[PDB]
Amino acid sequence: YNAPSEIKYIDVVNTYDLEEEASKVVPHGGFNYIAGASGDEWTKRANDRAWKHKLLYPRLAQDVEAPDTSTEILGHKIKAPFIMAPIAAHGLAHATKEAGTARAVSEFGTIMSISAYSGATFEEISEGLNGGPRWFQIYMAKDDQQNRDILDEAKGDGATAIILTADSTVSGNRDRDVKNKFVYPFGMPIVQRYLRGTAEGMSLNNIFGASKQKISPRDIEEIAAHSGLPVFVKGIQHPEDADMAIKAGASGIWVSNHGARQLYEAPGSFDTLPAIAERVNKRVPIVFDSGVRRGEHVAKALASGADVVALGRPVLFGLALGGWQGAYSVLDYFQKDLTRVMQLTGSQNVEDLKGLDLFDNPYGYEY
């Protein structure tokens, strides 16, 4: 499996261009596994087009200069209001794999979310992170004991938070992977205690198929008790699941449609956020994801009730293209892109963004 191995910074004019550029260095099956989404990919187009439903205003004479993008979340100072989303199998994009990404995230100065379906070990990622804050994302086992072990091992690694992803009890209808009969070209060290024998050669359907299908609120309570760490429930799109999660002991709400890779013919993630934030009414922090590509998106997410956003596909396309330097280039882009938007909207800091007016656009994408 010929993954790219080249390391370097890259010019990021916009993050949409990176998809096509990565398509040229990443193996066909893997690239489309990274890029693709459920069905004819309509709900992924909605993730992207929802950004035009709410439009930013330029603001004049605001007494603003050198905006400060820093913020804080569960006591982690970070350089911008974004973090790295859990993404499986970075190996698919670059030989340095999760360590590559980790090192970029670490040096940028934000949080790395580690995925249960990681291609690399904790040890290999820890050396990439070099003491940087990390949270861990769990896809659960059926067997309770294996869950205690993963959470224990994750804690020993230093994870200061746990992410329950619950939107993937079975796989989404990912036509690209099915037509390419994709199977993972390496193992998943952390979870293979419950695939028992390698993830290599298996499809994402049997992997999700061996994880826990029958997740209940009790699982959120349980994980919080055992881990002793703050718990995010990730994949939420209906506000009712925000109440349920919080009542179950979640310390944060992660709004997300899994980048349209799960339930098809669903709304674009950003359209669900206001309602969810209104229900949460600031009881816990909110991380938002699924379709962020621009600083104008980070702003809009913040203005709409998110505390931070999680970045995914672009950072993977950066990795592919220049390893940890390519990824850092993408993180650096987002900060600078955000820094421009703050200046033109009268935002001195991250709290100002959360308070911005938004122009409602009933006409949508075609205007």
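So that there is no doubt, residue numbering starts at 1 and follows the sequence shown.
Using only C-alpha atoms and the B-factors in the entry, which stretch averages higher, 225-233 or 251-259?
Higher mean C-alpha B-factor: 225-233.
Comparing 99-107 with 142-150, which stretch shows the greater average C-alpha B-factor in the deposited entry?
Comparing averages over the C-alpha atoms only gives 142-150.
Of the residues 189, 86, 172, 274, the one carrying the largest Cα B-factor as recorded:
Max CA B-factor in the entry, restricted to 189, 86, 172, 274: 189.
Which one of 291, 295, 267, 185 shows the top CA temperature factor in the record?
The C-alpha B-factor peaks, among 291, 295, 267, 185, at 185.
When the modelled residues of the chain are sorted by Cα temperature factor, does residue 351 land in the lowest, middle or highest third?
For residue 351, the deposited C-alpha B-factor lands in the highest third.
Give the position of residue 165 by CA B-factor within its chain, expressed as the lowest, middle or highest third.
It belongs to the lowest third of the chain when residues are ordered by C-alpha B-factor.
Comparing residue 17 with the other modelled residues of its chain, is its CA B-factor in the lowest, middle or highest third?
Answer is lowest: the recorded C-alpha B-factor places it there.
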